[PDB]
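Structure record follows, encoded as structure tokens.
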Amino acid sequence: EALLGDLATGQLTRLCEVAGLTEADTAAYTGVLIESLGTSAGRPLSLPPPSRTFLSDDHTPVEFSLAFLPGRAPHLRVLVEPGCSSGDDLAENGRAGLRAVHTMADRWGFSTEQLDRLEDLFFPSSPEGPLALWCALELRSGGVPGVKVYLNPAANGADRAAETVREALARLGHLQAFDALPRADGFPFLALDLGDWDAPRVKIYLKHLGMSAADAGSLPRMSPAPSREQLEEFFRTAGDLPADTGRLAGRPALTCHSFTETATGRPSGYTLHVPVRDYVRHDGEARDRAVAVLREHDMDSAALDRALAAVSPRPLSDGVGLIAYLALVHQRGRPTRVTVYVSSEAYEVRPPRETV
Ligand SMILES: [Mg+2]
């Protein structure tokens, strides 16, 4: 029976084809994914997940994303919990994740000085959930990926999340960034790029309960402000909230605020993340919403269909959660992207629902 590493690398191989990567680069990145799973790569899929990770709803410690642009193949990313073989003890999971990331950095010549400086803040002796460390790998042509580390602002307790984020940003030299953020209902993730950048590249994720379409257009803080109308339309399409009173009051929308330089004091990016899986009856509907957004943004949806078939052969209508999130991604001076988060579904297919 199939092993976890075998399913995940088969999915990755088929997705690297959608992204247009060479055979050589696909081989490099399948190796990196196997290495990052550690002993869990050899684990039968007939056994429980190695950890009850928050990385995905079924606890697969892998998730994919595809960032679509007009006139070219989508950009592929894989998110992994490299300490998953340590299970649900967060201190050991975090320590194992850190070791895997340091091995990567050494191999590619990335400095870990910024991460080392944040370690005492994100890896205390008795950490709280819901995560310790995930690694996001941007699977670029050439075989050397972009590497980001997802850390837990709530590691010291949820009540210390804002304080933890403020202190991280101060240590990174982004001394005006915290006060630049909009209000939020939580700080689910801080993501640090491990590249060798002069100003650290850091992303703050914020949770917003009960967001409306107008709110989606008013939460950016990046300079220059993105199109309100385009944000409102994306929110209504992804949430099926057409037209006033509509809100996403189940699973919350997230915003991400990215900082790439310290002088302006402002974010350079804004992404709106809609958890489409909680607002559809099944993945046929989530796909319909993804196809609609892509059409509105002049990006080709045939690649989305190939990507879904790459991860699973099932009929979309037979479950929910394959398409986990839909995101609209803005970045200063760069073209806007639509990102689809695609689940591995290595452990469970959630059942379809009679109603939203
Ligand atoms: Mg101020």
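Every heavy atom of this structure was used, including side-chain atoms; hydrogens, water molecules and symmetry mates were not. Along the sequence shown, residues carry numbers from 1.
- A side-chain hydrogen bond (donor to acceptor under 3.5 Å, both in side chains) check over residues 183-197, counting only residues at least two apart or in different chains, returns the pairs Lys148-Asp193, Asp193-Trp197.
- Of the charged side-chain nitrogens involved, at least one lies within less than 4.0 Å of a carboxylate oxygen, so that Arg314 and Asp283 count as a salt-bridged pair.
- Scored by the salt bridge (charged side-chain N to carboxylate O under 4.0 Å, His left out) test, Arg266 finds no partners at all (sequence neighbours excluded).
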Derivation of the side chain to side chain contact (heavy atoms under 4.5 Å, CB included) call for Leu241 and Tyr279: CA-CA 10 Å; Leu241 292 171; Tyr279 298 104; over 6 Å; no
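- Between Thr339 and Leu66, the closest side-chain pair of non-hydrogen atoms is not below 4.5 Å.
- When side chains are defined from C-beta on, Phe122 does not count as touching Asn156, because their heavy atoms never get closer than 4.5 Å.
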Derivation and outcome, side chain to side chain contact (heavy atoms under 4.5 Å, CB included), residues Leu308 and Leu316: CA-CA 9 Å; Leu308 295 173; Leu316 296 181; 4.1 Å; yes
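- Between atom CG of residue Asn93 and atom CG of residue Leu98 there is a gap of 10.0 Å, rounded to the nearest 0.5 Å.
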Worked verdict on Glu163 versus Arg160 for salt bridge (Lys or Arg N to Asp or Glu O under 4.0 Å): CA-CA 5 Å; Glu163 159 194 301; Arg160 292 177 60 195; 2.8 Å; yes
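- Applying the side-chain hydrogen bond (donor to acceptor under 3.5 Å, both in side chains) definition to pairs two or more places apart or across chains, those involving residues 123-140 are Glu81-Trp134.
- Although no hydrogens or angles enter the test, the distance criterion places no donor-acceptor pair under 3.5 Å between the side chain of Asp300 and the main chain of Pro70.
- Side-chain contact annotation: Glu261 with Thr264, donor-acceptor N/O pair under 3.5 Å present.
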Side chain to side chain donor-acceptor pair (under 3.5 Å) between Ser344 and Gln11, worked out: CA-CA 8 Å; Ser344 172; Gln11 293 172 325; 2.8 Å; yes
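- Here the CG-CG distance, from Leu139 to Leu12, works out to 6.0 Å after rounding to the nearest 0.5 Å.
- Remark: the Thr30 side chain and the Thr9 side chain contain no N/O donor-acceptor pair separated by less than 3.5 Å.
- Using a 4.5 Å cut-off between side-chain heavy atoms of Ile, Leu, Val, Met, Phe, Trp and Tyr, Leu47 forms no hydrophobic cluster with any other residue.
- The side-chain heavy atoms of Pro50 and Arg43, taken from C-beta on, include a pair separated by under 4.5 Å.
- Panel note: side chain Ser86, backbone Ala96; no donor-acceptor pair is recorded below 3.5 Å.
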Going by atom type alone, with no hydrogens or angles, which donor-acceptor pairs under 3.5 Å involve a side-chain atom of residues 349-356 and a protein atom two or more places apart or on another chain?
unit_1, atom_1, unit_2, atom_2, d
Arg353, NH2, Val356, O, 2.9

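- Side-chain N or O atoms of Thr164 include none that pairs as donor or acceptor with a backbone N or O of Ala155 at under 3.5 Å.
- Listed for the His297 side chain is no donor-acceptor partner under 3.5 Å among the backbone atoms of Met299.
- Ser258 and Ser268 share no donor-acceptor pair across their side chains, judged by distance under 3.5 Å alone.
- In this view, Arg221 satisfies the side-chain hydrogen bond (donor to acceptor under 3.5 Å, both in side chains) rule with no residue, not counting sequence neighbours.
- Listed by chain and number, the residues in a ring-ring contact (aromatic ring centres under 6.0 Å, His included) with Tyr270 are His257 (sequence neighbours excluded).
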Residue pair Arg277, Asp57: steps toward the salt bridge (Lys or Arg N to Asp or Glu O under 4.0 Å) verdict: CA-CA 10 Å; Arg277 70 184 190 287; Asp57 280 355; 2.8 Å; yes
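- Counting heavy atoms from C-beta outward, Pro127 and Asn152 have side chains that stay 4.5 Å or more apart.
- Listed by first and then second residue, the salt bridge (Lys or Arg N to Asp or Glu O under 4.0 Å) pairs that reach into residues 201-214 come to none, sequence neighbours excluded.
- Put simply, the side chain of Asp288 never gets that close to the backbone of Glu285: no donor and acceptor are under 3.5 Å apart.
- Applying the 4.5 Å side-chain rule to ILVMFWY residues, one finds that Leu3 remains a lone member of its cluster.
- Here the CG atom belonging to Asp198 is positioned 12.0 Å from the OG1 atom belonging to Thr260, to the nearest 0.5 angstrom.
- Side-chain atoms of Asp88 and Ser51 include no donor-acceptor pair closer than 3.5 Å.
- Panel note: side chain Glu63, backbone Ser56; no donor-acceptor pair is recorded below 3.5 Å.
- The side-chain hydrogen bond (donor to acceptor under 3.5 Å, both in side chains) pairs that include a residue from residues 99-121 are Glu35-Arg107, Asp120-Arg171, where partners are two or more places apart or lie in different chains.
- Evaluation of the ring pair (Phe, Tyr, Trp, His ring centres under 6.0 Å) test over residues 306-352, restricted to residues two or more places apart or in two chains, returns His273-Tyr341.
- Between the side chain of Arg332 and the main chain of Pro267, a donor-acceptor pair closer than 3.5 Å is present.
- To the nearest 0.5 angstrom, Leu194 atom CG is 5.5 Å from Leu192 atom CG.
- Rounded to the nearest 0.5 angstrom, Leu175 CG and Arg166 CZ are separated by 10.0 Å.
- Within 6.0 Å of the CD atom in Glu1, the count of heavy atoms belonging to other residues, nucleotides or ligands exceeds 12.
- Side-chain contact between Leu133 and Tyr150: absent, with no pair of heavy atoms (C-beta onward) separated by less than 4.5 Å.
- Other residues, nucleotides and ligands contribute at most 12 non-hydrogen atoms within 6.0 Å of the CZ atom of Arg52.
- Within a 6.0 Å sphere centred on CZ of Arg72, other residues, nucleotides and ligands contribute more than 12 heavy atoms.
- Each ring pair (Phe, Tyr, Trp, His ring centres under 6.0 Å) pair with one or both residues in residues 43-86, not counting sequence neighbours, would appear here, but there are none.
- From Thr255, atom OG1 reaches atom CD1 of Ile204 across 10.5 Å, with rounding to the nearest 0.5 Å.
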